[PDB]
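# Remarks on the overall topology
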Amino acid sequence: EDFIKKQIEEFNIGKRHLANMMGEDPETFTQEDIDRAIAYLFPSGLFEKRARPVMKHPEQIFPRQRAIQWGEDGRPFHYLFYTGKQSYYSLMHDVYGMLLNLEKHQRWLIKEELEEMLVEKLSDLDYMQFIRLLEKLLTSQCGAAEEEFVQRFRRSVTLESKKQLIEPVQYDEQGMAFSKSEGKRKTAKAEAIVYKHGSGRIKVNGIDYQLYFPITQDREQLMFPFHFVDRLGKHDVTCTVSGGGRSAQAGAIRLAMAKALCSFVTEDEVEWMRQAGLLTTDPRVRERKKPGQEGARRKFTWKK
Amino acid sequence: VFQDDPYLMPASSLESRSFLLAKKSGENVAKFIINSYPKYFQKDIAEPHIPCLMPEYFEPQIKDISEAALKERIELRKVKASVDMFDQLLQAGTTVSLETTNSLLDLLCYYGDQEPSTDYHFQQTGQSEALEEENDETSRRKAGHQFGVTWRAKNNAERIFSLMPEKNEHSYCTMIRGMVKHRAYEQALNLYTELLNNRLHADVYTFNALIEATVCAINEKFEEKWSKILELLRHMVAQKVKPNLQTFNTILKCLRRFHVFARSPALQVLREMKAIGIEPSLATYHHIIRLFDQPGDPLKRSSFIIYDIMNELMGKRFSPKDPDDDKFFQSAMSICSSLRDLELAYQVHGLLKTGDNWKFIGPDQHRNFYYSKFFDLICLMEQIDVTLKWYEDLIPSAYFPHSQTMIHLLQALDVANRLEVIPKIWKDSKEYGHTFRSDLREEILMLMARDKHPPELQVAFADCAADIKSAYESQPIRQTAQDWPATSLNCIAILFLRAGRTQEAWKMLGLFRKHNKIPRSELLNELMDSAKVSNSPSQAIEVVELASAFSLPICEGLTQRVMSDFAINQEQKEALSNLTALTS
Amino acid sequence: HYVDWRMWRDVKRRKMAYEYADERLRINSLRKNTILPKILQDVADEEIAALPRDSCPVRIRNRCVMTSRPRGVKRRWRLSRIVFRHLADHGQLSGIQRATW
Amino acid sequence: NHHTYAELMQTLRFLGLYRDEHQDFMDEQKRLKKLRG
Amino acid sequence: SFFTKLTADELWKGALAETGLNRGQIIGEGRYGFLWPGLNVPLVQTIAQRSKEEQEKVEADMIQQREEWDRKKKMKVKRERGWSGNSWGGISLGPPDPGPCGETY
Amino acid sequence: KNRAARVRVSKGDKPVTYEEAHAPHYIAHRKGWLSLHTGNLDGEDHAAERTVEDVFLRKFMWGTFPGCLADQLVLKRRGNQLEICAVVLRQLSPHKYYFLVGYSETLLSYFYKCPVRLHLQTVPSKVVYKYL
Amino acid sequence: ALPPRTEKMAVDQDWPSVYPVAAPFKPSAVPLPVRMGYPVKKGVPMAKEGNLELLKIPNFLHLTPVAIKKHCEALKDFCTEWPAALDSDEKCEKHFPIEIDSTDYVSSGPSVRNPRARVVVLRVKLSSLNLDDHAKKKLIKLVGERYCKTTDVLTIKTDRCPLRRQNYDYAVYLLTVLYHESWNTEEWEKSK
Amino acid sequence: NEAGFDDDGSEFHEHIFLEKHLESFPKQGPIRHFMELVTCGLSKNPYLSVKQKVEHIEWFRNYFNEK
Amino acid sequence: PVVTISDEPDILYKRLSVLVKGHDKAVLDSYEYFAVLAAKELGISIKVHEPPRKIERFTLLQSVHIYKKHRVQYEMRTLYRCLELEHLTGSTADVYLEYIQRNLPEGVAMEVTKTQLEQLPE
RNA sequence: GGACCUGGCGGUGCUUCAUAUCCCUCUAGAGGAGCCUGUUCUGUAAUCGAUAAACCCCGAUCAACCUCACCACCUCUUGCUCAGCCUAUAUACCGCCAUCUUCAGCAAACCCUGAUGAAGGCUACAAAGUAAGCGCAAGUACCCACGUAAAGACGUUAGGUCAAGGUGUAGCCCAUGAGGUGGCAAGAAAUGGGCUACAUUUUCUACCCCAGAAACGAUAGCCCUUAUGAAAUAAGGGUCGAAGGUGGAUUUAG
Ligand SMILES: C[NH+](C)c1cc(NC(=O)CNC(C)(C)C)c(O)c2c1C[C@H]1C[C@H]3[C@H]([NH+](C)C)C(O)=C(C(N)=O)C(=O)[C@@]3(O)C(O)=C1C2=O
Ligand SMILES: [Mg+2]
Ligand SMILES: [Mg+2]
Ligand SMILES: [Mg+2]
Ligand SMILES: [Mg+2]
Ligand SMILES: [Mg+2]
Ligand SMILES: [Mg+2]
Ligand SMILES: [Mg+2]
């Protein structure tokens, strides 16, 4: 469209004008630098990242307007026009034909992605039948051409990894070896320093565990990682702690010592204690009272 | 000063002046409302106190008959109230002091027994911009007359000056200055003689007023008035008063009134200036510039003093000293335009660009005249690339081009044969509001249809000519119902033929028949060439018929071309033969 | 020209409290100090209880700068609940969001 | 104070530099009420 | 209080109750009649204010123009009768709407 | 139901602007503020009189540019430089426009006692974000 | 109307010249088709020529990096240099002993009276006093709530007089008369 | 934040040392105790200037005498 | 370029720290860039810091007459950005500080600046 | 009267469910005692409004005077106002909300079906439905994508407010408007919600969880002092040392 063409012209000229006002008057002003330049030029301060200003090629801004499907004869271009779903039915016809001629010889796309590639609205059962035929074609022994068909329809996965990030060993102090990790639970913070050898000693805010933790439940919480990894009296710790309470501080310490001992124990056992549940933060935090209630979830008296 | 919205930009100098005077209207309009109701704006909120933002009180707060009330009414410049209550004090028998009687006669002599004008005076330059090329000698006789108050015999100033007991130098000085300001020159001279008899001293302003009065006196020769001016300066030296810049500038204004015989006295005056040691001003140079530049002088050696002037004046920064320092630049480019000197034009444009000297352009009309003449001269003798560079540098940032310039802007392009720039300057002119200027329209149409051009230039010309025809059609019912010029019709018709807009060309052949305008033989011959291309015998017979209807002496050759070039039927052949028989 | 009579009644209260603040201030301190004799105060008492009952800073009701509503005013903007709601919900009061914590 | 505010609005409306739709209503309604009341 | 005033769009929404009028005015006309230079009278540069006769005559013209305005509201429209007045049975709706297929009825 | 600044849905023929369309829960999530004055931050004194003057400006300029203010104004306030940026339509004559600019330009300066500046922004027709 | 100065404007045209001062957007001046606003379902973010959202943005158009650089060519005129007082805090402590807090609270609108802008507090080191032996005990016992023990700093605060310069005077006067009363030996120092 | 706002060059000894305006009575009296109390209050006043401090003093002086 | 070098030795400003309070972090960090590059070409030593945001949340009623259980809650986001200048000159002060002060943003801008000027005892 | 269309209902059928709701279940309470605070009733010369869910520590994030519109008594007339009115109607309304909603529908414009009736429009191995727009969803706030917030249309209930303010209609302007001064907020009784208890996982003291000792309960009442205020409600001490023995039916919340 002439709209699209002049919008393009205007972006190009305005992009060059954008590098002038900044300082990158050399011709190559990238899209990241464009976002950088408009950020500063006019400060946003709006929570929606679409409600802020923008300067992209009209291509991404304006949507995909489908071309005319018939010339000046009437006479629509695609042969499956009067289905109203030319692209989808042409694809289904093609996939059926490759299944047929293959039988004579012898993750998956989401619905929105398929609709984007076809530029046509689609029913969920239409998507389901397309996926079913495509699975019929991979299950059937197909050739390299129909392999590139299945692979232009299949997309990426982006697998993550769940191995605990091991802290480096800081061979420091005078000549000792330690790891300095962190932990947090219920507004409590604990930075912990664990030396590889030392046969047992904690210095929670300057004093030992029997002084900072008079409660045996707190002492059990401090035992927990060692007694799991069978290294009870074989390392020694020193911990600084702020905020929270008598159990939140102990939990933050427990997490910090586990996340520091990871460097001193093997990778199979750090996986084992992650499975045991000593290497994950506890997201349980206090909720908020609501206007018109008598607590976070607690309500008042009579409502029915 | 103008807003950045494309609807609110002025397109012309007249529109810009209209917008500025409308804004100034809104300003004295808010001043009137706020001073009429000061109670609604007495609450100050800003710290510190901004006395230029608190409202002004114009009503006299002292109602008792007292000299403090006289001082209040003089400070409020209420002439009638001050006169009436001075009469009240005289009736009460209270002796009014010499200083406040002096302030009262100061007010009376400044205002000429009238109240100050309620309009802040920004009128009397309302001349139309269509008469800037004829009769600056009758324009002087009707433009040198501000309708000021003539000094009436037996006014309130004379009554006070007779009534008060002890006459002093300040009172006599103010009386002489007021008489000179209100054109009582002979009375001012007689009062100066009375001052000399009474053994008082006149100050610098009074002596300058006396110089102006002696010159403005009627029926005396320039030699006699010059001798009188020399006598007044001798009296100044004898009274030990030191002359100054405004004294000598008044002398220079007067010798500018004294024309060719006063050229050497101007040089003597400037030499005595530099000898006594007072720096001449831009108004001084404006005065001797406008003296030496007079129409009808066959020598132009009087116009060589402009190069003497600039040779003294490069590189210097100036401060305001005299009222005509803003007229200096306008006068000198009048000289630069008159003598056609690009190097001196550039020289004083440089003197303008030195520091803050741009300020000494002054008002908008002077600015428009200055930049108009500068751009005329740039178009007249500069090379076309630096003319267009000055065009984009000056327009519309510095000034709005006048109607005449448009024509000239073209003549330079026609000389340089850079006719490709015609559509853009046409678009600029239409943006600046020159759409309804018939002389411009005619000029771009001839320069545009003179020659055969490359086809992309031809089709751009077709768009421009289409919009010109659209404007001509879109002028309904103005008293200048300007009939379609035959030249413009012929040119637009040639251009639409050249770009291939043939059907439009046929329609305005119909417009030719409507407006009874004689078409040109070249336009005709192009119409037959188009009819040959289209293979249209009916169109060929149409243009032959129009030529016969206007009885043009080309019609026989056109008919012979129709027979030679088309396969024609017998009834059309008979009609063409009848048309040739009618023309024969 | 005041929104109501009650607003105009406080604008009068405000004014003559502000003008009659010094006299009251002086005698009152003299009241709650322990230096002058028990009887040397009975006199100052008269002056206060006799100083008019429209300047005592006990009758100042921080009402609404826009629409006289006594109860339900937020001091920082001198506005009632629903007027502050109207302006902050139409978006002409800077910084005021909707609390979503 | 409400007086400078509302009385300047009074005077500026009576000078015609201010058009308040509210006073236009009451003006018009009081006219159509004085027609009958 | 000017502060407690409101827009007219809002005053009428309440007056009509249809959810369950300033057009005859020039931009500077005042009761006092201080005819300005940017409004009403064009832009000689002289502030002035009309007299008691020009004001009364102009406002009399305005109130008469209102009266003729309520007349052009309170004319009568003529509806042709179909089978009876207050019926719909012989009422001719116009020609059918032109077809979007470049058509005409 | 919440009825604060929510223009309800008519029949699909109701022109409406970005500002009017967004509801108060989008007040700085999608809309932002129409008046930028500093008083509503943590430590400041005079925010009340800033708002009292704010509603005044909105109604003065509403009654002084009669029926030409397309959407509502942007009363920003940096230094003592109050600014009344506008989006006024293209119907009245420019000399009248410059007049009401000057009249306001000086009258709010003498009411509030500081530099007040109006930077109009003429627009052809009242804009439409969506038809409700 | 008029075809705008945006497409009249070309590249290599000076933007510090185009926008001198801080001013609201003016998209006709702006040669950038910048689009703002949550879009409609099948549409784009709103255009540039009429947005109020593009108006309400502070608009740092006036100050572009190159404008900063050229601005301060002139702004470079007005600065001397510091001496070799050294980045070493002990060196500047040796060279210039005391420290004073004297602040402004800039607001934005009609007035500049923020009374709390008269706060003046003074921090001084006894190891920079150097003339204090048993007279130090005097200073300490005299100032009760000050002299934290970990760092040897005395902090006297004045907010008792309306002006900042006479508050500075009150800090220096109280310092010197505290000093003189500390060096004033008094008759009851021995019966401790 | 203090442009203008001179207060006639108060300069630190008129504001808080009111001994020059104290007008000494016999100092051992409760009245003179009051003057110490009120003097320290006007010293710790930063909102009032020295001129309103001294008219506050003379109010009490006038009235204290009046009795 | 009027300079006017006058008489008395410098006031010796230590640690002129600007605390910038605002409603909008995007204006605050754009301001950070404007001041950081200005101090870079000024020669003056700047450092950055983020003093943590305070939310003033508060509750009002939603209905005009009754229904106290249905309430609205409004909040203020006050964010701070500290821009501390260390080892700067008295002349250096009212030219940089002045440039920034005049080129301050609107309602989302405060410039609380503490100055620690050094001096000799007396 | 006959026959239908649509909707509501059914102590209406089958199936699948609810999960803090439906039951069986789990934890802490209400209902029993005292106190605080609303409301009803009684009372008084003494406001008004809310009044099953969706009123009842509700307009009030708040009444000694003020507030205040109530009452008594006495005064004011172009009255802070080109007046005013807290006069009547929320069954004329704007405004801002409750409720279903702890929902998913509301739908312009077409098209088809019903012999061209009210109306209706389903079958993916598919039989007429296509759909812009609002709503859920999505995107945002807070610590995550989780949870909690916000959000939740059309309409329902002439549901709530002319008393927040504005306001149509009808009324008053010797009045129903304006001001000053002093009182109104008491329980033979009742009920809603909270607070504290009836102790031994308790009580007092240190400590802020390794002791000593006891083997109880008023934030009421009277007295003293203080705070603030012109003028005492609040606060501390003193004194005292109630009823009360973990509360039936029913019910609440998670
Ligand atoms: C007597 N009824 C027919 C009635 C009449 C009017 N108004 C009029 O007819 C008066 N019309 C005049 C003034 C003469 C023009 C009425 O205005 C009313 C009502 C009914 C009430 C009932 C109210 C009741 N409330 C107080 C508990 C109730 O049971 C409900 C409810 N949904 O819970 C109501 O509907 C009720 O609140 C209500 O709305 C009524 C009226 O408004
Ligand atoms: Mg009939
Ligand atoms: Mg709700
Ligand atoms: Mg009711
Ligand atoms: Mg009443
Ligand atoms: Mg909710
Ligand atoms: Mg949602
Ligand atoms: Mg009802």
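The coordinates are above.
For the structure given in this document, a descriptive report is provided here. (Residues numbered from 1 in each chain as written, not as in the entry; some residues may be left out. Chains lettered and ligands numbered in written order. Part of a larger assembly, values for the part shown. Heavy atoms only, no water. Residues with missing side-chain atoms left out of burial classes, pairs and counts.)

In terms of regular secondary structure, chain G is built from 6 helices and 4 strands. Its helices and strands taken in sequence order, chain G reads α-α-α-α-β-β-β-α-β-α from the N to the C terminus. Its C-alpha atoms give chain G a radius of gyration of 29 Å, more than 25% over the compact-globule value 16 Å for 192 residues. Principal-axis analysis of the C-alpha atoms places the extent of chain G at approximately 95 × 40 × 30 Å. Classification of the 192 residues of chain G by burial places 49% in the buried group. Summarising the internal contacts of chain G: among those between residues at least 6 apart in sequence, 49% fall at separations of at least 24. Carbon and sulfur atoms form 59% of the exposed surface of chain G, whose accessible area is close to 10,000 Å². (Helix = DSSP H or I, 4+ residues; strand = E, 2+ residues; numbered from the N terminus. Rg over C-alpha atoms; globule rule 2.2 N^0.38 Å. Buried < 20%, exposed > 50% of the residue type's maximum accessible area, 1.4 Å probe, protein only. Contact = heavy atoms within 4.5 Å. Areas by Shrake-Rupley, 256 points an atom, 1.4 Å probe, with all protein chains shown as cover.)

In the vicinity of RNA strand J lie 104 residues, with A:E48, C:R85, F:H29, G:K41 and I:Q62 positioned nearest. Each atom of RNA strand J within 4 Å of the protein was assigned to sugar, phosphate or base; sugar and phosphate come to 72%. Taking A:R298, its side chain carries an N or O atom lying 3.5 Å from a sugar or linking oxygen of RNA strand J. Between a phosphate oxygen of RNA strand J and a main-chain N or O atom of F:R3, the distance comes to 2.6 Å. Here the surface near RNA strand J is composed, by residue class, of 33 nonpolar, 28 polar and 43 charged. (Near = heavy atom within 4 Å. Polar contact = N/O pair within 3.5 Å; in protein donor to acceptor, adjacent residues only side chain to side chain. Nonpolar A, V, L, I, M, F, W, Y, C, P; charged D, E, K, R; others polar.)

Chain F puts 20 residues into the contact, and the matching count from chain B is 23 residues. Here chain F meets chain B over a buried area of about 2,200 Å², counting both sides, of which 70% is carbon and sulfur. The largest contributions to the chain F side of the interface with chain B come from F:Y98, F:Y110 and F:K113, which together make up 40% of the buried area. Our count for the contact surface shared by chain F and chain B stands at 0 salt bridges. In this assembly, chain F and chain B are joined by 5 residue pairs in polar contact. Among the residues forming the side of chain F that touches chain B, the class breakdown is 13 nonpolar, 5 polar and 2 charged. (Buried area = accessible area lost by both parts, 1.4 Å probe. Salt bridge = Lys/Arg side-chain N within 4 Å of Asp/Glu carboxyl O.)

At the interface, 35 residues of chain G touch 41 residues of chain I. When chain G packs against chain I, close to 3,500 Å² is buried across both sides, 61% of that on carbon and sulfur atoms. Considering only the side of chain G, the residues that lose the most area to chain I are G:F60, G:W82 and G:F96, jointly responsible for 20% of the buried surface there. Joining chain G to chain I, the criterion identifies 1 salt bridge. A salt bridge links I:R15 to G:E99; the nearest nitrogen and oxygen atoms lie 3.9 Å apart. Summed over the shared surface of chain G and chain I, the number is 7 residue pairs in polar contact.

Below, the discussion takes up a positive patch on the surface. Where like charges cluster on the molecular surface, the positive patch consists of B:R140, B:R141, B:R183, B:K253, B:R257 and B:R290. The set of elements that each furnish at least two residues to the positive patch consists of helix 5 (138-143) and helix 11 (245-257) of chain B. (Patch = residues over 30% accessible without salt bridge, like charges linked within 9 Å, V, L, I, M, F, W, Y side chains within 5 Å. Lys, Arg positive; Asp, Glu negative; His and termini not counted. Charge placed at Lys NZ, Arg CZ, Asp CG, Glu CD.)

In this section: the side chain of G:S28. Positionally, G:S28 belongs in the loop between helix 2 (15-18) and helix 3 (65-75). Within polar-contact distance, the side chain of G:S28 engages the backbone oxygen of B:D4 at 2.8 Å. Contacts of G:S28, omitting those with residues within four sequence positions, involve B:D4, B:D5, B:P6, G:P4, G:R5, G:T6 and G:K48.

The next thing to look at is the side chain of A:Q293. All names here are of chain A. If you trace the backbone, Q293 turns up in the segment after helix 11 (267-276). Taking the relative accessible area as the measure of exposure, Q293 reaches 16% and is therefore buried. Excluding residues within four positions of it along the chain, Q293 makes contact with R298, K299 and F300.

Burial analysis of strand 5 (residues 110-117) of chain I places 6 of its 8 residues in the buried class, the great majority of the element. As paired strands, strand 1 (residues 99-102) of chain G and strand 5 of chain I are joined by 2 bridges and run antiparallel to one another. Following the sheet pairing, G:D101 is matched in strand 5 of chain I by I:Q116. Bridge count between strand 2 (residues 104-106) of chain G and strand 5 of chain I: 3 bridges; the pairing is antiparallel. By the bridge assignment, G:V106 is partnered in strand 5 of chain I with I:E111. With 7 bridges connecting them, strand 1 (residues 13-22) of chain I and strand 5 of chain I associate as antiparallel partners. Counterpart to I:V20 in the pairing with strand 5 of chain I is I:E111. (Pairing = 2+ DSSP bridges.)

Our focus in this paragraph is the packing of aromatic side chains. Remark: the centre distance and the inter-plane angle together describe each pair of aromatic rings, the angle taken between the planes. Scanning the entire structure with this criterion turns up 63 aromatic pairs over all chains. On the basis of an interplanar angle of 90° and a centroid distance of 4.9 Å, the ring pair of B:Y110 and B:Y111 is categorised as edge-to-face. The class for B:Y111 is buried, based on a relative accessible area of 16%. Ring geometry for B:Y346 against B:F374: centres 6.1 Å apart, planes inclined by 80°, an arrangement best described as edge-to-face. With B:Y346 in helix 16 (residues 342-353) and B:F374 in helix 17 (residues 364-381), this residue pair connects regions lying 28 residues apart in the sequence. With a relative accessible area of 27%, B:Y346 lands in the partly exposed category. Linked through ring pairs, B:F41, D:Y5, D:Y18, E:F2, E:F3, F:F56, F:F60, F:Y103 and F:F111 together constitute an aromatic cluster. It is B:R263 that lies over the ring of B:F292; its NZ or CZ is 5.7 Å from the centre. Positioned over the ring face of E:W69 is E:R23, at 3.8 Å from the centre of the ring. (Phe/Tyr/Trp six-rings, centres within 6.5 Å; stacked < 30°, edge-to-face > 60°. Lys NZ or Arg CZ within 6 Å of the ring centre and 35° of its normal.)

In this structure, the largest cavity spans a volume of roughly 130 Å³. Lining the largest cavity are 14 residues, and of these A:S44, F:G32, F:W33, G:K56 and G:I57 lie nearest its centre. For the lining of the largest cavity, the residue count by class is 7 nonpolar, 3 polar and 4 charged. Size it by volume and the second largest cavity reaches roughly 110 Å³. Lining the second largest cavity are F:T17, F:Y18, F:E19, F:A70, F:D71, F:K126, F:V127, G:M46, G:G50, G:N51, G:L52 and G:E53. Here the lining of the second largest cavity is built from residues that sort into 5 nonpolar, 3 polar and 4 charged. (1 Å grid on protein atoms, 1.4 Å probe; cavity = no way out; pocket = protein on both sides within 12 Å on 5 of 7 lines; lining within 4 Å. Points joined across faces, edges and corners; volume = space filled by probe spheres on them.)

This paragraph deals with the arrangement of the chains. Here 20 pairs of chains are in contact, and chains G and I lead that list by number of contacts. Separating chain D from chain G is a minimum C-alpha gap of 18 Å, and the two share no contact. Separating chain A from chain H is a minimum C-alpha gap of 28 Å, and the two share no contact.

To continue, consider the packing of helix 2 (residues 22-31) of chain C against helix 3 (residues 39-50) of chain C. Residues and elements named next belong to chain C. Put simply, helix 2 and helix 3 touch, their axes get as near as 9 Å, and they point 150° apart. Relative to helix 3, the element helix 2 is oriented roughly antiparallel. You can see that helix 2 and helix 3 cross each other, and the crossing is left-handed. Here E23, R24, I27, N28, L30 and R31 of helix 2 lie close against helix 3, whose contacting residues are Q41, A44, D45, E47 and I48. A per-class count over the contact of helix 2 with helix 3 returns 4 nonpolar, 2 polar and 5 charged. (Axes fitted to C-alpha atoms, helices over the stretch in contact; angles between N-to-C directions. Parallel < 35°, antiparallel > 145°, perpendicular 65-115°, else oblique. Left-handed = near helix turned anticlockwise from the far one by under 90°.)

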